[PDB]
Structures are given as structure tokens and as C-alpha cells.
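To convert, take the position in the sequence shown, counting from 1, and add 119; that gives our numbering.
Here the structure is laid out as C-alpha cells; the discussion comes afterwards.
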Amino acid sequence: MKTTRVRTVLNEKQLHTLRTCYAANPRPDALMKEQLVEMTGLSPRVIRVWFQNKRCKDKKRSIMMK
Numbered sequence: 120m121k122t123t124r125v126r127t128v129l130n131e132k133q134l135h136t137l138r139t140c141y142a143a144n145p146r147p148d149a150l151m152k153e154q155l156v157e158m159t160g161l162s163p164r165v166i167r168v169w170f171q172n173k174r175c176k177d178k179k180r181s182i183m184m185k
């Protein structure tokens with residue numbers, strides 16, 4: 120009851136993690152997905168939607184190395 124509160128933020132800490140991820144591959148999966156969990160300190164729920172939205176917003180900003 121009243122459990123599963125909301126405690127998942129998004130800033131330079133988590134962003135940096137996912138950030139280096141995309142530079143390696145635009146389509147991860149159950150494989151690397153497991154490691155990403157322990158690395159972000161939060162459930163995989165947030166992980167799924169992040170990649171999704173990123174594709175739409177990344178209409179041009181998506182070059183590897185500048």
C-alpha cells in the first residue's frame with residue numbers, strides 16, 4: 120500500500136550512462152539491457168521509454184564522434 124513510490128531522476132548522472140550507450144549501438148536488447156539496469160540504479164521501465172523517445176527527437180543530432 121502506498122509502496123513503489125516515485126524515486127527516479129534524470130540528470131548528468133544517468134544521462135552520461137545511456138549517452139555512451141547510443142554511441143555504441145542504436146538498438147540494444149535483453150542482452151546489454153540487464154547490465155544497464157545495475158548501472159542506472161533503477162528499474163528497466165525507464166530504460167525502455169528512453170530509447171524510444173530519443174529516436175524521434177534525434178531527427179539530426181545523432182553523429183558518432185565530431
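Where a beta carbon is used, it is the ideal one built from N, C-alpha and C, also for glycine.
- Look up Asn172 in the DSSP assignment and say whether it is helix, strand or coil. Residue state, collapsed to three classes: helix.
- Query: Straight-line CA distance for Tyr141 to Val125?
  - Reply: Going by the C-alpha atoms only, they are around 26 Å apart.
- Message: If contacts are defined as beta-carbon pairs under 8 Å, then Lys152 and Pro145 qualify, I think. What distance do you get, rounded to the angstrom?
- Response: Actually they do not touch by this definition, with Cβ atoms about 14 Å apart.
- What is the C-beta distance between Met158 and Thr139, in whole angstroms, given that I count them as a contact (C-beta under 8 Å)? That belief does not hold up - the Cβ atoms of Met158 and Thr139 are roughly 10 Å apart, past 8 Å.
- Item | Helix, strand or coil at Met151 [DSSP, three-state] | helix
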